[PDB]
Amino acid sequence: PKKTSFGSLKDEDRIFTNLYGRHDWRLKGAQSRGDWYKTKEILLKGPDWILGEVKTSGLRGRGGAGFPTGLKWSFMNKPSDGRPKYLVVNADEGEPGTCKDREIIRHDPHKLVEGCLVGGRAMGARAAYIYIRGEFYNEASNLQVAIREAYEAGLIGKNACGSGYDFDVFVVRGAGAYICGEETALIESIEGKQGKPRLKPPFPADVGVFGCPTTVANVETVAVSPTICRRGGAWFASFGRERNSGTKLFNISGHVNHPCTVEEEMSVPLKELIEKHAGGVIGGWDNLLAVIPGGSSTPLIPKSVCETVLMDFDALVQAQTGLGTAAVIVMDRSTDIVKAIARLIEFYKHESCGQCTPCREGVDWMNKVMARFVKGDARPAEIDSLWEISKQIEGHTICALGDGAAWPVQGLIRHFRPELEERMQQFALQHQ
Amino acid sequence: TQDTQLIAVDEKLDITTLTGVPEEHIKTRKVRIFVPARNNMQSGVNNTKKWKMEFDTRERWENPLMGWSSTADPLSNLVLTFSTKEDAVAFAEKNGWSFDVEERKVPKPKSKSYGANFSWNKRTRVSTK
Amino acid sequence: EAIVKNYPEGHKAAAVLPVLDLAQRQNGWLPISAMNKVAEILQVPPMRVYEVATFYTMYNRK
Ligand SMILES: Cc1cc2nc3c(=O)[nH]c(=O)nc-3n(C[C@H](O)[C@H](O)[C@H](O)COP(=O)(O)O)c2cc1C
Ligand code: SF4
């Protein structure tokens, strides 16, 4: 029936077999693992079949989105109007804590390119636009020698795997901006213009890069696709829970003994995750003061909720936060949470593309007022003003960077108002 | 139903002599009605939703003292509002001023779509946002 | 040329990111003359190059 507990994912069941670079990341090791198996049959089975199994597996957005891959990829099943349908894969990973895409792409790029081939066959896409964050130079260099090897083997290109589907991959650099992780900002960046997100509609589905029908995806999202297609949706549906199913490549960092990134089955309580893999938070479980879940965009969670809540989108929503990209960052007692959120929102201010008014102005306003808070120069009233400003930012931005910068402030206020109050009281007392 | 000894009076009102306007101000002056075009410096619209009447501008000389803007015609800074142009023209004729008519220019509704900012082949694709 | 052929024709200014980065790869710091040269190479207005040069990270203008 229902799996009573989740955790200790089977080693052979881990999708990223070379996550730690223990295997040949080129074609030979990839085929030894099982990459590029039964591709011919996968393309022959058809986009309808691939879309059926992607629904059966039931992948919520692995790139911190949450939207099911089923309907998102079904948006590219309408007959072609003549414009060249494309597939796009996002690999920005500028999010504080995001390290899984870089690791997989420098260790298992062949699985990624096989996800692009199979996915694009499902998508009706002419080729893939695999966009790599410009800081990851050697990672892109590795993925593209892998791509060249695949082209030599004939797996990707004209008549891919002897199927007639003329899919291709284009390796795209990016001159560096976290806003480029946003799907429409990604469209704009790869279009040679600024990395400013566009307003939807027109959705990325009908109108994408160069106006052609496209669809974005995360590196992990498409990378897990070929393995689950070969195995079937049952493998992914078995692990994890309902809705939030399968596996997610968790990243662990912060004040832990072993700040590692590991693959583990889905919907696992944090209590096991930090202790068994990361060697526990430095100073024991008692020393743990707070934990931010996947992505700094998701509000931080006090230790009173992390030990019980599982790592699944719905449960983190119940935990007044989000699952994000499984970038669990832990802060111990010695950490100054106020200054940590200070540096975090300073990063957000540095990353704002400035298009829409709410982000461009409110994030800077938050930076200044909250730095004053960190120092302690404030009256107890300004906490409510900061909360209201966080509400103002939310929902009025073209892209979700505004929401992702407003949420940490909301979490900080809600979970540590008295710490702020005592900080500012000490500031009032020290000066006379 | 409203018996007050009613009488058919076909010719239009001649309240001119009643208004007390001097002869040359009622004869020489020419008044035009129009919808005032919005200030292009502004995007606000609710100033071109009425029919205003104004009179021909007259001599504006500078007084010897400070070079002020002394004038002679009293009906210079006089503008009258009206809901519809029919009321304005009726007022103009019944008062007796020679009137000029300009039709209410309104913006043509143009098809606008954000999807035009991007294209696959159309020239309308933008180059910056 | 390799960067240009990667992208569909008609929309060629989209390649303005690597080529200008390529300029870095041969010069590091990018003079205004480098931006103008990239603009004339890609047949794109010069300020459309200036915008992407001044909006993204790296791309050291000094
Ligand atoms: C500011 C911002 C940054 C983002 N950065 C990333 C990113 O680095 N990687 C990513 O996969 N998605 C990122 N996203 C989410 C994308 O907009 C998009 O929803 C996502 O790539 C879809 O992933 P999926 O196909 O796995 O559902 C970002 C969104 C925003 C608003
Ligand atoms: S929130 Fe608005 S201003 Fe900020 S990066 Fe997104 S689109 Fe640009």
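The numbering scheme restarts from 1 for each chain and tracks the written sequence of that chain rather than necessarily the entry's numbering. Residues without coordinates are not displayed. Here every chain gets a letter starting at A, and every ligand a number starting at 1, in the order they are written. Every figure given here refers to the displayed chains, which form just one part of a larger assembly. To obtain the side-chain values, all non-hydrogen atoms of the structure were used and water was disregarded.

As recorded in the PDB header, cryo-EM is the method behind this entry, and the stated resolution is 3.4 Å.

Chain B has the name NADH dehydrogenase [ubiquinone] iron-sulfur protein 4, mitochondrial in the PDB entry, where Sus scrofa is given as its organism. UniProt positions are given in the numbering used here, feature names are shortened, and annotations may be inferred rather than shown by experiment. Under the Subunit (unreviewed entry) heading, UniProt states for chain B: "This is a component of the iron-sulfur (IP) fragment of the enzyme."

Under the annotation held in the PDB entry, chain A carries the name NADH dehydrogenase [ubiquinone] flavoprotein 1, mitochondrial and is attributed to Sus scrofa. For chain A, the Subunit (unreviewed entry) comment in UniProt is given as "Core subunit of respiratory chain NADH dehydrogenase (Complex I) which is composed of 45 different subunits. This is a component of the flavoprotein-sulfur (FP) fragment of the enzyme. Interacts with RAB5IF."

Visitor: Just to check I follow, could you spell out the packing of helix α2 (residues 16-27) of chain C against helix α4 (residues 46-55) of chain C for this structure?
Guide: Between two packed helices, both the angle of their axes relative to each other and the distance between the axes serve to describe the pair. All names here are of chain C. Running from amino to carboxyl end, α2 crosses α4 at an angle of 70 degrees, the nearest separation of the two axes being 11 Å. With respect to their mutual orientation, α2 and α4 come out roughly perpendicular. Between α2 and α4, the contacting residues are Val-16, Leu-17 and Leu-20 on the first element and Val-49, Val-52 and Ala-53 on the second. Taken together, the residues of the contact of α2 with α4 break down into six nonpolar, no polar and no charged. Every angle, taken between N-to-C directions, lies between 0 and 180 degrees, and every axis is a line fitted to C-alpha atoms, over only the stretch in contact when it is a helix. For helices the rule is a DSSP run of H or I covering at least 4 residues; for strands it is a run of E covering at least 2, with both sets numbered from the N terminus onward. Orientation labels follow simple angle bins: below 35 degrees gives roughly parallel, above 145 gives roughly antiparallel, 65 to 115 gives roughly perpendicular, and whatever is left gives oblique. Should any heavy atoms of two residues lie within 4.5 Å, those residues are considered in contact. Each residue gets one label: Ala, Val, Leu, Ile, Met, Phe, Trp, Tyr, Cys and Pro are nonpolar, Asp, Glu, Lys and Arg are charged, and the others, such as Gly, are polar.

Visitor: How should I be thinking about the side chain of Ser-297 of chain A in this particular structure?
Guide: Residues and elements named next belong to chain A. Locating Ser-297 in the fold gives a position in the loop between β6 (288-292) and β7 (301-302). For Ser-297, a relative accessible area of 15% gives the class buried. In protein, a polar contact means a hydrogen-donor-capable atom and an acceptor-capable atom, both N or O and within 3.5 Å, with residues adjacent in sequence counting only if both atoms are side-chain atoms; elsewhere, any N or O pair within 3.5 Å suffices. A distance of 3.4 Å separates a polar side-chain atom of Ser-297 from the backbone oxygen of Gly-404. Setting aside residues up to four positions removed in sequence, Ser-297 forms contacts with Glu-95, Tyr-178, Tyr-348, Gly-404, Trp-407 and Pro-408. Each residue's exposure class comes from its accessible area (1.4 Å probe, protein chains only) as a fraction of the maximum for that residue type: buried when under 20%, exposed when over 50%, partly exposed otherwise.

Visitor: Looking at this model, I keep getting lost on the sheet that holds strand β5 (residues 261-265) of chain A. Mind explaining?
Guide: Strand pairing within a sheet occurs via backbone hydrogen bonds; the two strands may be parallel or antiparallel. Residue and element names in this part refer to chain A. Two strands pair if DSSP finds at least two bridges between them. A sheet is described by the order of its strands in space; here five strands give the open sequence β5-β4-β8-β6-β7, paired in mixed fashion. Taken across any chain shown, the strands that pair with only one partner, and hence form the sheet edges, are β5 and β7. In this sheet, β5 lies alongside strand β4 (residues 247-254) in antiparallel orientation, the contact comprising five bridges. Of the residues in β5, the one forming a bridge with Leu-249 is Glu-263.

Visitor: Would you mind going over the environment of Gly-61 of chain A with me for this structure?
Guide: Take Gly-61 of chain A: it is sitting in the loop between α3 (47-57) and α4 (69-74). For the pair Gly-61 of chain A and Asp-377 of chain A, spaced 316 residues apart in the sequence, the C-alpha separation amounts to 41 Å.

Visitor: What is the right way to look at the site of ligand 2 in this model?
Guide: For this description, a residue counts as near a given molecule or strand if any of its non-hydrogen atoms is within 4 Å of it. Around ligand 2, 13 residues are found, and the nearest of them are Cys-353, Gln-355, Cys-356, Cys-359 and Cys-399 of chain A. In terms of residue class, the shell around ligand 2 is built from eight nonpolar, five polar and no charged.

Visitor: Explain the interface of chain A and chain C here, please?
Guide: How big an interface is tends to be stated in terms of accessible area lost as the parts join. Taken residue by residue, the interface counts 20 residues in chain A and 17 residues in chain C. Two parts lose some accessible area (1.4 Å probe) when they are put together, and adding that loss for both gives the buried area. Buried area between chain A and chain C, summed over both chains or domains, comes out near 1,600 Å², and the portion from carbon and sulfur atoms is 57%. Looking at the side of chain A facing chain C, the largest losses of area belong to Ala-175, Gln-194 and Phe-210 of chain A, adding up to 34% of the total buried there. A side-chain nitrogen of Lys or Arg and a carboxyl oxygen of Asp or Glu constitute a salt bridge if their distance falls within 4 Å. The interface formed by chain A and chain C holds one salt bridge in total. Among the ionic pairs, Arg-173 of chain A bridges to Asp-21 of chain C, the shortest N-O distance being 3.8 Å. Elements with a contribution of two residues or more to the side of chain A that touches chain C: β3 (169-172) and α8 (183-190) of chain A. In terms of residue class, the side of chain A that touches chain C is made up of 10 nonpolar, five polar and five charged.

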